[PDB]
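Structure first, commentary second.
Below, all heavy atoms of this structure are taken into account, side chains as well, without hydrogens, waters or symmetry copies. Every chain is numbered from 1 and lettered A, B, ... according to where its sequence line falls, protein lines coming before strand lines.
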Amino acid sequence: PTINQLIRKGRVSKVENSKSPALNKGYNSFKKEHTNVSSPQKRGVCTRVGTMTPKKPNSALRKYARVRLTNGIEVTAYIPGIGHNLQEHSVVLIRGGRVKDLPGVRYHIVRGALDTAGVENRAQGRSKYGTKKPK
Amino acid sequence: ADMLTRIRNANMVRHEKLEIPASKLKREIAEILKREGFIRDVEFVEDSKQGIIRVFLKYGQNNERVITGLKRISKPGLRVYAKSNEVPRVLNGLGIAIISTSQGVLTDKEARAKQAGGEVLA
RNA sequence: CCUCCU
RNA sequence: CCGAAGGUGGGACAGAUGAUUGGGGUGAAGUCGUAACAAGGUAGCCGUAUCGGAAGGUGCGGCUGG
RNA sequence: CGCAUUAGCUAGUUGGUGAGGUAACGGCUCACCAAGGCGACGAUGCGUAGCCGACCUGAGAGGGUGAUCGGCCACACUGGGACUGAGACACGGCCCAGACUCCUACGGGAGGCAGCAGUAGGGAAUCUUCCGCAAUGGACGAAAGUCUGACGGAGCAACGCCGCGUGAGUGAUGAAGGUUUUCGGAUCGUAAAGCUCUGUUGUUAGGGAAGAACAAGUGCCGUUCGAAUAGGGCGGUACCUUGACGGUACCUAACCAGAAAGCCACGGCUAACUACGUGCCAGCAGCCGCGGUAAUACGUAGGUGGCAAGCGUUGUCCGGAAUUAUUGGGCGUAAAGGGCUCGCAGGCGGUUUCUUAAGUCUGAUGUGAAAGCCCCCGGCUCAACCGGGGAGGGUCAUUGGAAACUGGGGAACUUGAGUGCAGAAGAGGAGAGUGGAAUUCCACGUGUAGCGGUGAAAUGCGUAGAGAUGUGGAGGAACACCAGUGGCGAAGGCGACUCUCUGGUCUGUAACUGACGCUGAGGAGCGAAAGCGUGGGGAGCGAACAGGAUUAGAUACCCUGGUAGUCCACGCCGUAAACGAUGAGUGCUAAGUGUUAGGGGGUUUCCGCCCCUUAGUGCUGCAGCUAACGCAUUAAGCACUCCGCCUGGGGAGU
RNA sequence: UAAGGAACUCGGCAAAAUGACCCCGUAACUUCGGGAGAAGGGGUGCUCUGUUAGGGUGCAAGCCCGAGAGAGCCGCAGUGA
Ligand SMILES: [Mg+2]
Ligand SMILES: [Mg+2]
Ligand SMILES: [Mg+2]
Ligand SMILES: [Mg+2]
Ligand SMILES: [Mg+2]
Ligand SMILES: [Mg+2]
Ligand SMILES: [Mg+2]
Ligand SMILES: [Mg+2]
Ligand SMILES: [Mg+2]
Ligand SMILES: [Mg+2]
Ligand SMILES: [Mg+2]
Ligand SMILES: [Mg+2]
Ligand SMILES: [Mg+2]
Ligand SMILES: [Mg+2]
Ligand SMILES: [Mg+2]
Ligand SMILES: [Mg+2]
Ligand SMILES: [Mg+2]
Ligand SMILES: [Mg+2]
Ligand SMILES: [Mg+2]
Ligand SMILES: [Mg+2]
Ligand SMILES: [Mg+2]
């Protein structure tokens with residue numbers, strides 16, 4: 001672009017999108033408005049628990065929750081961990097990671113916000129699945 | 001009024017000489033360039049046009065130039081005015097910048113001394 | 001005319 | 001006199017929600033054909049019109065990226 | 001600061017004059033006059049936001065943030081108003097209104113946690129209903145002192161940063177002990193086994209901080225006031241007194257290195273592997289990707305580099321990202337040249353000279369707090385920290401120069417750009433008329449059984465005489481040959497002939513003009529084909545539609561018909577692979593060879609040949625360019641000006 | 001015609017309400033004309049200033065038309081029917 005052109009119309013940066021939009025909206029009960037607040041986790045209530053087939057080249061029954069958050073946005077979120085952590089309609093905490101297989105699942109259910117197990121007797125970094133170290 | 005491209009183009013094809021329409025500052029540039037050792041002489045003729053004489057810059061008198069690989073760039077119509085303090089040096093020496101002043105030109109020392117940075121070349 | 005999935 | 005709040009009125013704007021409806025995206029192994037890629041078996045593609053379950057077909061003009 | 005998918009806004013609005021008000025200038029308020037003011041340099045509207053010192057990041061340009069700490073601003077349950085005064089149009093006031101809390105024997109009163117603590121609620125999430133004014137600072141008072149949730153402390157919380165550590169050091173059984181197995185092992189490992197040396201700190205008892213300056217109260221002496229020795233105050237000068245933390249930091253000294261190691265990571269990026277159990281299951285995943293019965297990336301089990309009570313996970317920002325490119329990118333084919341003009345604004349502009357001095361440059365002076373980061377950097381034992389002198393800090397003033405360049409004025413010039421004059425070629429355009437060939441239909445003569453069509457057929461047309469052949473008539477449309485990488489046009493386009501009207505280009509000449517130029521958002525115009533409106537026309541062709549075939553089907557291709565349309569006038573539409581997939585202008589940078597329209601010059605009477613030359617139009621090919629293909633004086637080369645456009649694919653040209 | 005106000009009724013049938021002039025203001029939608037008197041609001045008597053400003057007629061005197069203001073006055077109510 002000519003300098004004159006750059007003066008007339010400047011450069012425009014790319015708008016980068018958040019990979020976790022649901023954790024960016026707060027809420028107000030009074031005003032009934034979403035607010036712009038950078039949250040690391042959001043509590044929610046499980047509206048549906050079940051399984052879903054992953055995309056190619058994988059096959060599985062990937063256990064997930066449709067969850068209704070405090071901000072009022074309904075997300076899907078992956079129940080992580082080996083063994084039955086699926087749970088039922090109940091309060092849960094959520095996290096920001098996509099399941100590459102499952103299309104739409106952009107959030108994990110945090111293991112440890114309530115009754116959990118995950119992978120018991122983890123080799124190292126024993127803090128990802130709510131695995132209380134035994135003695 | 002760009003002698004630089006005329007020079008570059010002829011310099012690329014190792015031309016002996018070139019005829020550039022004369023103007024006061026294009027005359028005063030060719031002499032700055034001549035300070036190294038280009039131009040031997042010109043032929044001032046009966047003036048019909050104001051530049052018909054040309055600059056007749058002859059940087060390739062012999063087969064190969066001892067002063068070869070002439071290169072210039074910094075000549076935009078957007079005006080670039082240098083501070084006497086912040087005058088650049090081409091290649092950290094080994095190259096000159098024709099900094100148009102009210103009274104002076106050339107090196108970094110010829111900026112804080114002379115003053116007006118004005119035009120800036122390479 | 002067509003030629004399952006990894 | 002000015003005057004907050006209040007009342008009345010008709011507009012403006014923004015969000016939520018709504019029977020139903022529209023395409024869109026995505027989804028290991030569904031159905032129908034085979035349009036494109038080879039001269040892809042009628043060279044293809046562009047604009048436009050019209051027709052047809054569906055890809056598409058046909059007209060007119062254009063392009064070669066035949 | 002964002003949005004033009006916000007373009008008009010304003011009516012005390014804009015200025016005047018007068019009066020009033022105000023600490024104060026002023027449509028600040030009002031009266032009476034006019035008609036202004038603002039806005040493409042973005043008014044107005046909508047959205048978002050306290051601003052700044054700074055902070056995070058980055059080579060820097062930049063980008064992001066504006067908790068804690070300092071300054072300016074604003075606000076004090078919501079909203080309005082004044083009072084008091086030097087000063088609020090009041091943070092713990094009032095007056096009034098509203099929604100909420102409290103009291104009220106109902107008439108009426110009282111209050112505002114965005115003060116410290118705390119509670120509920122919201123939330124992923126953020127403390128003690130603590131002690132003291134000893135210190136520092138306030139307010140009050142002559143002082144003692146009182147009040148001070150300011151402030152100092154302490155409680156809480158790995159939420160950070162960091163301490164100096166949690167020793168040093170002598171010491172090879174390489175034991176014990178581990179999970180593997182080619183039934184053997186090997187490394188931790190001088191570190192521990194066995195110790196044996198020191199107290200940063202602390203494992204338990206004794207010493208004990210600094211922080212405190214004092215203010216005064218008192219005793220004294222020079223000074224100035226003093227009717228004065230009174231009697232105080234103010235300069236030097238004694239004496240005097242007080243600690244929340246707290247019996248807490250720090251020291252000694254034992255019990256004694258005992259109390260003080262951690263978390264994460266080990267495919268590759270990035271230095272770091274094997275058993276077993278699963279068997280596309282269960283599960284994993286930042287990216288690439290692992291698992292379907294031998295998983296170095298999953299479940300478990302045993303095994304190792306960084307930084308150091310944490311580190312994993314998620315969230316936000318900058319970097320990497322020369323990935324919005326000013327620094328510092330692009331657009332022939334990867335995303336990207338507007339279909340093409342005419343042009344308003346704007347941007348940009350040949351040469352000389354003179355003058356000007358806005359820009360440009362430069363000297364000098366003033367400020368840009370403190371903290372922070374940083375230059376010398378010192379002190380506190382170095383530190384995870386505090387002081388001074390500098391520096392940065394300004395598209396900043398003010399003033400004095402310089403004057404090349406950019407800009408302004410004056411005078412010149414002719415190379416750009418036009419004019420004149422003389423030639424040239426052309427399917428450039430608009431209008432009217434005219435011609436020949438062929439198709440079709442109609443009529444008629446001759447003639448008679450097929451014609452037509454396809455891969456092969458059939459539907460069709462024919463004995464109501466087709467087809468063929470001859471003659472004539474009617475009508476419409478398109479212009480064989482000429483015809484050529486030929487011509488003309490801005491592009492779309494333009495092809496029979498003639499006339500009428502009319503645009504541009506090229507060459508030559510330089511008489512004239514004397515930068516009159518280039519580009520050009522928006523705007524206006526033109527713009528293939530198809531389509532649309534009204535009215536015409538309708539031969540041939542032919543979307544649709546029908547029939548015949550073909551085929552599994554055939555809403556296709558092939559055949560036979562055939563409507564709109566194709567044509568004309570006027571109007572509309574505004575798009576095409578509107579392509580050279582290549583914006584316009586200008587200059588510069590090897591050659592060779594065709595061709596179109598000119599010009600000049602050779603010996604020649606021309607023709608003709610040859611040389612040169614301008615403007616097109618092609619081909620080949622240097623240098624250079626390119627991811628490559630290729631481009632290459634008709635650049636995709638080297639430059640400058642201006643415009644348009646691009647920023648992963650989809651979603652969506654929705 | 002109290003209070004109510006469509007509960008009436010097949011159905012607001014009938015009745016009530018609205019109603020003049022001046023001023024402000026006026027949406028969807030549209031064939032761009034409209035919609036529109038949309039809707040919704042405000043003013044309205046009398047006196048004085050006042051034979052107002054201004055206009056018609058006329059040589060003048062006069063006669064006639066006549067805003068908009070300001071200050072008042074009265075009533076439950078001013079296009080008082
Ligand atoms: Mg096909
Ligand atoms: Mg095909
Ligand atoms: Mg069809
Ligand atoms: Mg705000
Ligand atoms: Mg960048
Ligand atoms: Mg392509
Ligand atoms: Mg492309
Ligand atoms: Mg183009
Ligand atoms: Mg544009
Ligand atoms: Mg047409
Ligand atoms: Mg028509
Ligand atoms: Mg046909
Ligand atoms: Mg287009
Ligand atoms: Mg074309
Ligand atoms: Mg194009
Ligand atoms: Mg132009
Ligand atoms: Mg009644
Ligand atoms: Mg009543
Ligand atoms: Mg009823
Ligand atoms: Mg009834
Ligand atoms: Mg009625």
Are any of A:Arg8's side-chain N or O atoms less than 4.0 Å away from OP1 or OP2 of E:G644? yes
Under 4.0 angstrom between B:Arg14 side-chain N/O and E:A623 OP1 or OP2: no
Would you mind calling E:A391 syn or anti? Take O4'-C1'-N9-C4 for purines or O4'-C1'-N1-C2 for pyrimidines, and syn is within 90° of 0. anti
Mind checking the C1' distance from E:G653 to E:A335? Whole angstroms is fine. 15 Å
Donor-acceptor pair, B:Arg40 side chain versus B:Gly37 backbone, under 3.5 Å? yes
Would E:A110 and E:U101 qualify as a Watson-Crick or G-U pair, given that each of the two distances needs to be less than 3.5 Å? yes
Between A:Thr2 and E:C643, is there a contact of a side-chain N or O with OP1 or OP2 at under 4.0 Å? yes
With syn defined as a glycosidic torsion within 90 degrees of 0 and anti otherwise, which applies to E:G163? anti
Assess whether atom CG of B:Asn85 is packed by more than 12 heavy atoms of other residues, nucleotides or ligands within 6.0 Å. yes
Do B:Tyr81 and E:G359 have a side chain to base donor-acceptor pair shorter than 3.5 Å? yes
Distance below 4.0 Å between A:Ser59 side-chain N/O and C:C5 OP1 or OP2: no
Base, sugar-phosphate alone, or nothing: which one does B:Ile52 contact when heavy atoms must sit under 4.0 Å apart? nothing
Mind checking if A:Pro1 touches a base, just sugar-phosphate, or nothing, with heavy atoms under 4.0 Å? base
Which is true for B:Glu28 with a 4.0 Å heavy-atom rule: it touches a base, it touches only sugar-phosphate, or it touches nothing? nothing
Under 3.5 Å for both distances, do we get a Watson-Crick or G-U wobble pair between E:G226 and E:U84? no
For A:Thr53, report the nucleic acid contact type (base, sugar-phosphate, nothing); a contact means any heavy atom under 4.0 Å. nothing
NA contact type, A:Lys100, heavy-atom cut-off 4.0 Å: base, sugar-phosphate, or nothing? base
Between the base of E:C280 and the side chain of A:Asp101, is there a donor-acceptor distance below 3.5 Å? no
Touch class at under 4.0 angstrom, heavy-atom based, for A:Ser29 against every strand present: nothing
Does E:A546 pair with E:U560 as Watson-Crick or G-U wobble, both distances under 3.5 angstrom? yes
What does A:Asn121 touch in the nucleic acid at a heavy-atom separation under 4.0 angstrom: a base, only the sugar-phosphate, or nothing? sugar-phosphate
Minimum-distance nucleotide to A:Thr70 side chain [options: E:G123, E:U414, E:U313]: E:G123
Can you see a Watson-Crick or G-U wobble pair between E:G433 and E:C497, using both distances under 3.5 Å as the test? yes
Side-chain contact, heavy-atom cut-off 4.5 Å: B:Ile20 with B:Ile7? yes
Are OP1 or OP2 of E:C638 and a side-chain N or O of B:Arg8 less than 4.0 angstrom apart? no
Any side-chain heavy atom of B:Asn11 sitting closer than 4.5 Å to one from B:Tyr59? yes
Hey, does the side-chain of A:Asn58 have a donor or acceptor N/O within less than 3.5 Å of a partner on the base of E:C290? yes
Sugar-phosphate only, base, or nothing, as touched by A:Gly104 at under 4.0 Å among non-hydrogen atoms: nothing
Would E:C276 and E:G299 count as paired if we go with Watson-Crick or G-U wobble and both distances under 3.5 Å? yes
May I ask you to verify whether the side chain of A:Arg11 and the base of E:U647 hold a donor-acceptor pair under 3.5 Å? yes
Distance test, side-chain N/O of A:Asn24 to OP1/OP2 of E:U316, below 4.0 Å: yes
If the cut-off is 4.0 Å, is A:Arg62 near the phosphate of E:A282, judged by side-chain N/O to OP1 or OP2? no
Go through the side-chain N and O atoms of A:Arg68 and A:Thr47 and say whether any donor and acceptor fall under 3.5 Å apart. no
What's A:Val110 touching, base or sugar-phosphate or nothing? Going by heavy atoms closer than 4.0 Å. nothing
Between E:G503 and E:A491 - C1' atom distance, rounded Å: 16 Å
When you check the gap from the basic side-chain N to the acidic O, do B:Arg14 and B:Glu64 get nearer than 4.0 Å? no
Based on the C1'-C2'-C3'-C4' dihedral, does E:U314 have a north or a south sugar? north
Could you tell me whether the side chain of B:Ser100 has a donor or acceptor atom within less than 3.5 Å of a complementary atom in the base of E:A404? yes
Do E:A584 and E:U641 pair up in this structure? I mean Watson-Crick (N1 to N3 plus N6-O4 or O6-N4) or G-U wobble, both distances under 3.5 Å. yes
Under 4.0 angstrom, heavy atoms only, what part of the nucleic acid is B:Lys83 near: base, sugar-phosphate, or nothing? sugar-phosphate
Candidate nucleotides E:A404, E:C284, E:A282, ranked by approach to the side chain of A:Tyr78 - the nearest: E:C284
Using centres closer than 5.5 angstrom and planes tilted less than 30 degrees as the test, would you call E:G602 and E:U603 a stacked pair? no
Does the E:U146 / E:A139 combination count as a Watson-Crick or G-U wobble pair, both distances under 3.5 Å? yes
Figure out the CG/P separation between B:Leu121 and E:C405, and round it to whole Å. 15 Å
Whether E:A549 and E:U550 stack: are their six-membered ring centres under 5.5 Å apart and their planes inclined by less than 30°? yes
Nucleotide E:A404, atom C1' - distance to CZ of B:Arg79 in whole Å: 12 Å
Are B:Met3 and B:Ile29 close enough that some pair of their side-chain heavy atoms sits under 4.5 Å apart? yes
Could you tell me whether E:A383 and E:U459 make a Watson-Crick or G-U wobble pair, using a cut-off of under 3.5 Å for both distances? no
Are any of A:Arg95's side-chain N or O atoms less than 4.0 Å away from OP1 or OP2 of E:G315? no
Examine the six-membered rings in the bases of D:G41 and D:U42 and report whether their centres are under 5.5 angstrom apart and their planes under 30 degrees. no
Return yes if the base of E:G587 and the side-chain atoms of B:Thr5 contain a donor-acceptor N/O pair under 3.5 Å, otherwise no. yes
Scan B:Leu78 against the nucleic acid and name what it touches under 4.0 Å (heavy atoms): base, sugar-phosphate only, or nothing. sugar-phosphate
Using a strict 4.0 Å threshold on nitrogen-to-oxygen distance, state whether A:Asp101 and A:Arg62 make a salt bridge. yes
Please determine whether a side-chain nitrogen or oxygen atom of A:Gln124 lies at a distance below 4.0 Å from atom OP1 or OP2 of E:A265. yes
Are the six-ring centres of E:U326 and E:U327 nearer than 5.5 Å, with the two ring planes set at an angle smaller than 30°? yes
Partner lookup for E:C629, please. Criteria are Watson-Crick or G-U wobble with both distances under 3.5 angstrom; report none if nothing qualifies. E:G332
Hey, is B:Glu31 close enough to B:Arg27 for a salt bridge, meaning N to O under 4.0 Å? no
Consecutive-base stack E:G138 to E:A139 per 5.5 Å / 30° rule: yes
So is E:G268 sitting in a Watson-Crick or G-U wobble pair with E:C518, both distances under 3.5 Å? no
Are E:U65 and E:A54 a base pair, Watson-Crick or G-U wobble, with both contacts under 3.5 Å? yes
Select base, sugar-phosphate, or nothing to describe what A:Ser13 touches, counting heavy atoms under 4.0 Å on all strands. sugar-phosphate
Can you check whether any acceptor in the base of E:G347 is under 3.5 Å from a donor in the side chain of A:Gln5, or vice versa? no
Where the side chain of B:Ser23 is concerned, which of E:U351, E:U326, E:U415 is the nearest nucleotide? E:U351
So what does A:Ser39 touch, heavy atoms closer than 4.0 Å: a base, only the sugar-phosphate, or nothing? base
Would one find a side-chain N or O of A:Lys14 under 4.0 angstrom from OP1 or OP2 of E:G648? yes
Would you check if A:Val119 and A:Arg122 make a side-chain contact, meaning some heavy-atom pair closer than 4.5 Å? yes
By the 4.0 Å heavy-atom rule, please label B:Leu4 as base, sugar-phosphate, or nothing. nothing
